[PDB]
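Q: Got a structure here, written out as structure tokens. Questions coming.
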Amino acid sequence: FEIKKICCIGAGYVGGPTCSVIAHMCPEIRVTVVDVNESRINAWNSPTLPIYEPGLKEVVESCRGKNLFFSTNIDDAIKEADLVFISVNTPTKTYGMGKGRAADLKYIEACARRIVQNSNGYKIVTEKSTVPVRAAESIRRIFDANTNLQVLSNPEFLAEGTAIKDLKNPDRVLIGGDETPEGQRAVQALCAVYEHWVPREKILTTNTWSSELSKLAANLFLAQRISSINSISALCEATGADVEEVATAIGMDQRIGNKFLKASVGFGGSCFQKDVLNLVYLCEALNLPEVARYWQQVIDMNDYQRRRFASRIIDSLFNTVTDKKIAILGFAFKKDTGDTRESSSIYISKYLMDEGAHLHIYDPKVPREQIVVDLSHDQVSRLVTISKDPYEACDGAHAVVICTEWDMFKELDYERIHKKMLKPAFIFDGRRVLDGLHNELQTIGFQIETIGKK
Amino acid sequence: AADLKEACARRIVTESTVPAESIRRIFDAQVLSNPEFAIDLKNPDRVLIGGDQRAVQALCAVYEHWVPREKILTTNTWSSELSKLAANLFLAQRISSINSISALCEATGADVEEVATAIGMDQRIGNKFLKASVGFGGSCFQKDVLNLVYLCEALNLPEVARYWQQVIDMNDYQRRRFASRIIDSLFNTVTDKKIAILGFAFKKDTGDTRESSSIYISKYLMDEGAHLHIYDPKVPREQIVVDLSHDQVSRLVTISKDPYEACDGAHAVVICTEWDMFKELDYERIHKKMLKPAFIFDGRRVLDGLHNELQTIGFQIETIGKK
Amino acid sequence: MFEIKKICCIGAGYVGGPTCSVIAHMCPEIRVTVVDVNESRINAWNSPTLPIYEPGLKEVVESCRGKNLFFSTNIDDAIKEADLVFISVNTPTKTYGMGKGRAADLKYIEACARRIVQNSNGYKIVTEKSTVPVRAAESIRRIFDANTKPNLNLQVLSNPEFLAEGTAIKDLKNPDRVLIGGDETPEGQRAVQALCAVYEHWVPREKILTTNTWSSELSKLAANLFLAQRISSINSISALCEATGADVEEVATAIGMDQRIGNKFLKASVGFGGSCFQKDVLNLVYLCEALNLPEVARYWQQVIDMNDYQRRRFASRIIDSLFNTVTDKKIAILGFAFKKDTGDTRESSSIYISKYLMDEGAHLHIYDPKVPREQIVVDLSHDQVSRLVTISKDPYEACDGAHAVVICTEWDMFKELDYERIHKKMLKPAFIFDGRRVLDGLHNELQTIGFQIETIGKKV
Ligand SMILES: NC(=O)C1=CN([C@@H]2O[C@H](COP(=O)(O)OP(=O)(O)OC[C@H]3O[C@@H](n4cnc5c(N)ncnc54)[C@H](O)[C@@H]3O)[C@@H](O)[C@H]2O)C=CC1
Ligand SMILES: NC(=O)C1=CN([C@@H]2O[C@H](COP(=O)(O)OP(=O)(O)OC[C@H]3O[C@@H](n4cnc5c(N)ncnc54)[C@H](O)[C@@H]3O)[C@@H](O)[C@H]2O)C=CC1
Ligand SMILES: O=c1ccn([C@@H]2O[C@H](COP(=O)(O)OP(=O)(O)O[C@H]3O[C@H](CO)[C@@H](O)[C@H](O)[C@H]3O)[C@@H](O)[C@H]2O)c(=O)[nH]1
Ligand SMILES: O=c1ccn([C@@H]2O[C@H](COP(=O)(O)OP(=O)(O)O[C@H]3O[C@H](CO)[C@@H](O)[C@H](O)[C@H]3O)[C@@H](O)[C@H]2O)c(=O)[nH]1
Ligand SMILES: O=c1ccn([C@@H]2O[C@H](COP(=O)(O)OP(=O)(O)O[C@H]3O[C@H](CO)[C@@H](O)[C@H](O)[C@H]3O)[C@@H](O)[C@H]2O)c(=O)[nH]1
């Protein structure tokens, strides 16, 4: 049967865009996006959405109330839907066994049990959340216990900031399901939904475990690249080579690809580190410590890169930063989003705060309450100010610290900035956005240090 | 670490894969970089040339006969020497990463071929050098990782040193757990059992055996006392003897002239090189003449699909990245 | 040519105050102005009760306070009037962030340099007496080269100090040597020579060494290294003595008679204290980890670890002889200063021994002849103090009913106590743990009296 009603438990960075794009593409399907956070739902029904995603505002306003809905009423959405997406979060457990390593599956378990408490007849439950391998066996055991529901895997590959383009023109779609009769009917049903706008060559079908594991493996390879090119940047700094030339060189070899080779202060975002940690913690239970400590190097290098960079700043400021004003330009974890999950800016700020530095922080899309929240747990009242515009942040600053590649940081007037900074002045370029702009800054008198230059 | 023993350099008074500023001091008391990346010579992805200036352009002038200036990259010399290494790093690291994934698959019922397929369709990742195996071989890869590791130990960059050292370690793990897998399947002992080793080259379509995983699987099985019968189409007999020597070799190694005679009375067939001729073998013939139960360890994913036939023929088959 | 006639010293502490009082005493024709932010301190200098205890200091200060020696909170005006500016502030170990517990906190220095280049014009010599990491001057030079003014020409020197507390006045008046470092340029050597001219009034010329800034800074550290290494080395031997039957004092004598080794700083102890020895080693250990010298770092780290071991060994001997329980047991701590003839407590082994016994729930009664009472209370805090710490007005009150007497500071008076009397009112068995060897030779008398006496480097 053709899927006519779709429910998505979890209206976050996945459930919101992914269902907006399903509705814009499939006008004969009813897509209700639900969530327990009533303020989140209400924001999804607002002129100011709860997440900044380019193109997302257009897409939502094009369907909300035609076939795109956002509701707090979790039950009826499931009861009447033909397909329930699970797109809830799977953080790293902060407690109990595996604290700091294992993924917390309590929010998935919550969906699985509310689905069966609120549904009759035939429905397709799809796991889009990034789970461990064989987690779809767990939903199956639940459904075969409190007894007709099928369980599928359809991970997402959207990266935040480019989520709309990536959802309209995906490299591939991954659908994993049972190798049974009942399962292969449910898979080709989900294919039908995607086939409205994804070509069939770019829809990949496998079994449940191979799918759950492909998502982790892909994120490992991606994260590994960054760390790999990040490690080269420290190599460059010690041999006077240049990480951008080396990266450009590496990337011309077609078998390597030219993507994901931009050195940086450190990868951030909701998923990479938690997924790597997840896979490592998987490996211990499976008695696979080599695989475990192999991928663990992807995290160690990231942590190194951030620390090395944080120390770069303190060392250069004549080894002390207590009571010194420093500007942090960029708090989002990447450009063109307002998500600050695991942003390297948190980790540099927290390092600089431990030295007693007074921070002035600016970011175009990140709301101030998030920064205050991210930097706390007061120490924040004393040391952290949040600036309305950048020139305010650098007024009387000893140093300018760029942690996010917002294109506008080139556009700044460093003549003006230099006139009002304490002397001597420094710029610490954590994203290489200022390449080529050096000689200017050098003549202006700024001392410019960046990732991958001696 | 790099055996730089220079002998090329001083004789002169462009490059090899090196860690050139030593040249400019010998010469101080025309030095560019131009490393290599088979018959690849004809349509190179890119031609690397590094210096400090018309000399880069003389060497651009020579390549330009068949490579367009778009595909020719000039840089400083340090960045040229580094770029050669880091490429091989990223390449070798892809292989070790996918090898690590295979172990994961074997323990969870995923297929490394399905997982690699899904991985590589991410254009950012790219789908080259993602075919799991028993271990990467060849002159440059392991040499180049170690070389860079030493270079890091001597620049006080141990975080970096030990990060890339995992590319070697995981390759070592992939080779030993395969060997360990052969031995465990044959009831924990392999002493005096004939085992057929199929394929001694490091990749297919070469005679090159340098650092071939076949060397290390064979040596592992030699430490147990297995009777190895080795056959490889192009690798010369005497190179096998030399590669396993340093007597242990004479007591345990037969170099067979064809695969069917090396598989006769064997407990296991261990495929280490991806020669296509191994796919086309009469495996129903092999199995009648092998001891029972017969085994096939496919360290190259060359028997994919044929499993049902082989399994029904009565063969017991184990392959990388699929239980 | 150029003569220093006005000296400002930012920092009125154990260095700034004595070094300037001596300078002023020997040079009637130079105006020495010692400034500090701490108004309660400055005011104590202008009082008859000086803020620190140094034998002879009260004499030297009173000799020229109001004539050519002054103490003022007016940090701004002294800078602007001075021909020479001493930076003499503290460089503690960072208690936070990167290098916590290792690296030196340069914030106070950096504060001086910016306040100097703000409040100053014309020609001044900026001199770094505080103990800094190698190259720390170079940071001051850069601060001056970016915040420059018309006709401002601030010169930067290294003039490290070697006085020991408890001998500061004697050391400042006949120092083994003076160390001055400056850039090997025209401008620097001018300023180097102008600082020599000052010291030349009372110090022999040959004893005035001139080097570059680095060499100067590093020398101060290395000397402090070599010094502490001797203590930790003899303390190491003392351990081997209690295990073998040797006697550290006998061994120390035999060692120091070799003139290549020399016979000073071989007096084994519960462990070295004072503000500089531990931090200066750690500072250098930290400095090596940035210089990619891991072998040198761990070489010097041993000085600190041996001293931490000498202390904890002693604390454990006490606790073991009280059968590993000390709860509510009275114990007398004689000596809280880090050496005799001083009020200073910074890093005094007495603190650490008191902390080890407070973790056992003992009732400590502490007596010191010079350390002020609230200092001890501060030093033992961060109430555990309320329940466990009494501060004694005299040693006999401190030993009244005690299980043990722990001598930590070699105050000459402890050796003269009425130990017959102490013993009568102690609980038996009645221990004396001598952490300073001040009671050697009284072992026979103390033993017939009934005391259980133990000491560093003597076998039990
Ligand atoms: N952010 C990204 O780029 C991508 C993330 N993923 C994965 O997709 C998942 C979704 O992550 P995000 O959307 O970024 O996180 P999120 O925190 O923004 O979304 C989770 C939402 O689900 C709601 N929720 C949780 N449990 C619920 C329950 N029992 N009932 C109803 N609502 C519930 C929460 O209130 C929250 O608003 C994660 O597992 C992530 O690893 C996969 C691909 C891309
Ligand atoms: N005490 C000793 O035996 C010797 C120490 N040194 C070195 O000399 C330095 C001075 O140490 P001490 O005098 O013993 O320490 P201290 O703590 O007694 O003296 C420092 C004084 O400077 C004041 N101060 C700090 N920053 C200031 C500022 N910006 N403006 C004005 N006043 C400020 C403080 O309030 C304090 O009164 C240390 O770095 C030490 O390593 C060198 C030789 C001997
Ligand atoms: O060359 C690069 C590329 C990325 N980054 C950093 O990597 C982090 C994450 O970037 P990105 O990959 O876009 O993060 P996400 O937006 O979370 O997307 C990733 O994680 C998602 C959730 O697992 C997957 O859906 C996507 O495929 C995957 O790209 C950011 O902080 C970037 O600054 C670099 O430093 N250098
Ligand atoms: O998907 C793959 C691809 C290769 N391999 C194995 O890994 C090795 C790769 O060898 P190969 O790449 O052919 O080695 P070389 O022929 O020495 O050349 C490589 O190393 C050179 C030196 O670093 C570079 O110039 C080349 O671009 C690079 O392909 C072989 O043993 C293969 O069997 C796999 O296991 N999976
Ligand atoms: O043989 C000895 C000598 C000293 N100490 C102890 O070691 C510590 C240090 O003693 P001392 O050297 O007098 O301390 P300071 O008074 O701080 O002076 C030292 O530290 C100063 C600051 O760096 C330097 O200027 C001096 O040269 C150097 O002697 C004290 O707690 C002593 O009890 C011993 O245990 N055994």
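By order of appearance in the structure tokens: chains A, B, ..., then residues from 1 within every chain, and ligands from 1 in the order shown.
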For ligand 1, return the neighbouring residues as a ChimeraX atom specification (distance at most 7 Å; only C-alpha atoms and all ligand atoms).
A: /A:9-15,34-37,40,74,87-91,107-108,110-111,128-131,155-160,270-271
Q: When you look at residue 303 in chain B with a cut-off of 12 Å (counting only C-alpha atoms), what residues show up, excluding the ones that are within fewer than 6 positions of it in the same chain? I need them as JSON, numbers by chain.
A: {"B": [270, 271, 272, 273, 274, 275, 276, 277, 278, 279, 280, 281, 283, 296, 297, 309, 310, 311, 317, 318, 319, 320, 322]}
Q: Determine, for each residue of chain B having at least one atom at most 6 Å from an atom of chain A, the closest pair of atoms and their separation in Å to one decimal, counting only C-alpha atoms; order by chain and ascending number, as CSV.
A:
residue,atom,partner,partner_atom,distance
B:45,CA,A:253,CA,5.7
B:78,CA,A:241,CA,5.3
B:79,CA,A:241,CA,4.5
B:83,CA,A:246,CA,5.1
B:87,CA,A:250,CA,5.1
B:100,CA,A:291,CA,5.5
B:110,CA,A:210,CA,4.5
B:115,CA,A:214,CA,5.0
B:119,CA,A:218,CA,5.1
B:122,CA,A:171,CA,5.7
B:124,CA,A:259,CA,5.1
B:128,CA,A:255,CA,5.1
B:160,CA,A:231,CA,5.7
B:163,CA,A:297,CA,5.8
B:166,CA,A:294,CA,5.9
Q: Keeping only N, CA, C and O atoms, take the residues you just selected and write them out as a short mmCIF file (atom, residue, chain, number, x, y, z; two decimals), in the first residue's frame.
A:
data_model
loop_
_atom_site.label_atom_id
_atom_site.label_comp_id
_atom_site.auth_asym_id
_atom_site.auth_seq_id
_atom_site.Cartn_x
_atom_site.Cartn_y
_atom_site.Cartn_z
N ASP B 45 46.33 12.19 -12.25
CA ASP B 45 45.40 13.10 -11.61
C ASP B 45 46.01 14.48 -11.44
O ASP B 45 45.31 15.50 -11.58
N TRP B 78 59.13 22.11 1.06
CA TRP B 78 58.65 21.39 2.24
C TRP B 78 57.23 20.86 2.03
O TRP B 78 56.94 19.69 2.34
N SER B 79 56.33 21.70 1.50
CA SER B 79 54.96 21.27 1.24
C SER B 79 54.89 20.22 0.15
O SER B 79 53.89 19.51 0.07
N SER B 83 53.41 16.51 1.01
CA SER B 83 52.23 16.10 0.27
C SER B 83 52.33 14.67 -0.24
O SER B 83 51.33 13.94 -0.27
N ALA B 87 49.44 11.95 1.22
CA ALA B 87 48.59 11.21 0.30
C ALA B 87 48.57 9.73 0.66
O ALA B 87 47.53 9.18 1.04
N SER B 100 39.12 -2.22 9.70
CA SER B 100 38.56 -2.19 11.04
C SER B 100 37.06 -2.41 11.00
O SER B 100 36.52 -3.14 11.84
N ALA B 110 26.63 -7.78 9.74
CA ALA B 110 26.62 -6.90 8.59
C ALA B 110 27.61 -7.42 7.56
O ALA B 110 28.52 -8.19 7.87
N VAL B 115 28.23 -2.33 3.58
CA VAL B 115 28.57 -1.15 4.37
C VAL B 115 29.51 -0.23 3.59
O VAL B 115 29.36 1.00 3.62
N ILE B 119 28.88 3.59 2.38
CA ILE B 119 29.85 4.61 2.76
C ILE B 119 30.25 5.45 1.55
O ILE B 119 30.07 6.67 1.54
N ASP B 122 28.60 8.71 -0.46
CA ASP B 122 28.82 10.05 0.05
C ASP B 122 29.98 10.63 -0.75
O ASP B 122 31.14 10.25 -0.55
N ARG B 124 31.62 13.20 -0.56
CA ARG B 124 32.68 13.66 0.32
C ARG B 124 33.65 12.53 0.69
O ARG B 124 34.87 12.70 0.67
N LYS B 128 36.57 5.04 -3.48
CA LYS B 128 37.79 4.34 -3.86
C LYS B 128 38.56 3.94 -2.61
O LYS B 128 38.45 4.58 -1.56
N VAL B 160 50.44 13.28 17.10
CA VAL B 160 50.41 13.00 15.67
C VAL B 160 51.08 11.67 15.38
O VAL B 160 50.55 10.84 14.63
N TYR B 163 48.78 8.82 16.30
CA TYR B 163 47.59 8.79 15.46
C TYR B 163 47.82 7.99 14.18
O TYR B 163 47.05 7.07 13.86
N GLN B 166 48.42 4.07 14.21
CA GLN B 166 47.26 3.19 14.15
C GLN B 166 47.03 2.62 12.75
O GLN B 166 46.47 1.53 12.63
#
Q: So which one's closest to chain C, B:243, B:153, B:208, B:144? Using only C-alpha atoms, please.
A: B:153
Q: Throw together the list of residues within 6 Å of ligand 4, counting only C-alpha atoms and all ligand atoms, and drop it here as an MDAnalysis selection string.
A: chainID B and resid 36:37 88 95 129:133 136:141 202:203
Q: Please, which residues have at least one atom within 9 Å of an atom of ligand 2, using only C-alpha atoms and all ligand atoms, listed as a PyMOL selection string?
A: chain C and resi 9-17+35-39+41-42+52+73+75+87-92+107-113+115+129-132+160-166+168+220+274-277+279-280
Q: Contacts of residue 329 in chain C at 10 Å or less, counting only C-alpha atoms, minus same-chain residues fewer than 4 places along, as number ranges by chain?
A: C: 322, 325, 357, 360-364, 388, 401-404, 427
Q: Output C-alpha atoms of each residue in that selection to a file, as a compact mmCIF listing (two decimals), in the first residue's frame.
A:
# COMPACT_ATOMS: atom_id res chain seq x y z
CA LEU C 322 50.77 5.95 67.34
CA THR C 325 45.26 5.95 64.94
CA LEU C 357 47.88 14.81 61.08
CA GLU C 360 43.98 11.67 61.05
CA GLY C 361 41.76 13.62 63.43
CA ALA C 362 44.58 14.58 65.81
CA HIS C 363 44.33 17.57 68.16
CA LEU C 364 47.26 19.73 67.08
CA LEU C 388 41.50 20.17 65.60
CA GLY C 401 49.29 15.81 77.93
CA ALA C 402 50.51 15.25 74.39
CA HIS C 403 51.19 11.85 72.92
CA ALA C 404 53.96 13.26 70.72
CA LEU C 427 50.99 10.60 77.99
Q: Set the cut-off to 9 Å and count only C-alpha atoms: what are the residues of chain A that reach chain C? Output as a ChimeraX atom specification.
A: /A:311,314,317-323,351-356,422-425
Q: Among the residues of range 84-278 of chain C, find those DSSP assigns to strand (DSSP E or B) from the backbone and print them as a PyMOL selection string.
A: chain C and resi 84-87+93+104+123-128+153-158+178-181+208-211+247
Q: Under the rule of at most 10 Å, produce a per-residue listing of chain C near chain B: chain, number, name, the closest pair of atoms, and the distance in Å, as a Markdown table, using only C-alpha atoms.
A:
| residue | atom | partner | partner_atom | distance |
| --- | --- | --- | --- | --- |
| C:289 | CA | B:156 | CA | 9.9 |
| C:290 | CA | B:156 | CA | 9.7 |
| C:291 | CA | B:156 | CA | 9.4 |
| C:292 | CA | B:156 | CA | 6.2 |
| C:293 | CA | B:156 | CA | 9.3 |
| C:294 | CA | B:156 | CA | 9.6 |
Q: Atoms to include: C-alpha atoms. Write the selected residues as an mmCIF file, in the first residue's frame.
A:
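Written output follows (part.cif):
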data_model
loop_
_atom_site.group_PDB
_atom_site.id
_atom_site.type_symbol
_atom_site.label_atom_id
_atom_site.label_comp_id
_atom_site.auth_asym_id
_atom_site.auth_seq_id
_atom_site.Cartn_x
_atom_site.Cartn_y
_atom_site.Cartn_z
ATOM 1 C CA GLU C 289 57.953 20.517 28.503
ATOM 2 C CA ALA C 290 57.488 23.426 26.125
ATOM 3 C CA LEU C 291 61.131 23.294 25.034
ATOM 4 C CA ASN C 292 60.810 19.597 24.076
ATOM 5 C CA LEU C 293 63.285 18.641 26.834
ATOM 6 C CA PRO C 294 61.429 15.788 28.543
#
Q: Residues at most 10 Å from residue 356 in chain C, counting only C-alpha atoms, excluding those fewer than 3 positions away in the same chain, as a PyMOL selection string?
A: chain C and resi 311-312+314-316+319+350-353+359-362
Q: For the residues in that selection, give me C-alpha atoms as a PDB file, in the first residue's frame.
A:
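File produced: part_8.pdb:
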ATOM      1  CA  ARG C 311      57.573  14.786  54.194  1.00  0.00           C
ATOM      2  CA  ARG C 312      55.101  11.933  53.826  1.00  0.00           C
ATOM      3  CA  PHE C 314      57.944  11.539  58.367  1.00  0.00           C
ATOM      4  CA  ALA C 315      54.191  11.954  58.712  1.00  0.00           C
ATOM      5  CA  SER C 316      53.769   8.181  58.376  1.00  0.00           C
ATOM      6  CA  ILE C 319      51.195   7.925  62.606  1.00  0.00           C
ATOM      7  CA  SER C 350      55.010  22.334  59.176  1.00  0.00           C
ATOM      8  CA  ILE C 351      51.858  22.991  57.154  1.00  0.00           C
ATOM      9  CA  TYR C 352      52.067  19.674  55.345  1.00  0.00           C
ATOM     10  CA  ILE C 353      52.786  17.666  58.477  1.00  0.00           C
ATOM     11  CA  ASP C 359      43.511  14.078  58.139  1.00  0.00           C
ATOM     12  CA  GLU C 360      43.983  11.672  61.052  1.00  0.00           C
ATOM     13  CA  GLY C 361      41.764  13.624  63.429  1.00  0.00           C
ATOM     14  CA  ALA C 362      44.576  14.578  65.805  1.00  0.00           C
TER      15      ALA C 362
END
Q: May I have the residues within 9 Å of residue 284 in chain B as a list in words, using only C-alpha atoms and disregarding those fewer than 3 positions away in the same chain?
A: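 Those residues are residues 281, 287, 288, 310, 313, 314 and 315 of chain B.
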Q: Measuring atom to atom with only C-alpha atoms, identify which of C:53, C:215, C:451, C:181 is nearest to residue 423 in chain C.
A: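 Distance minimum relative to residue 423 in chain C lands on C:451.
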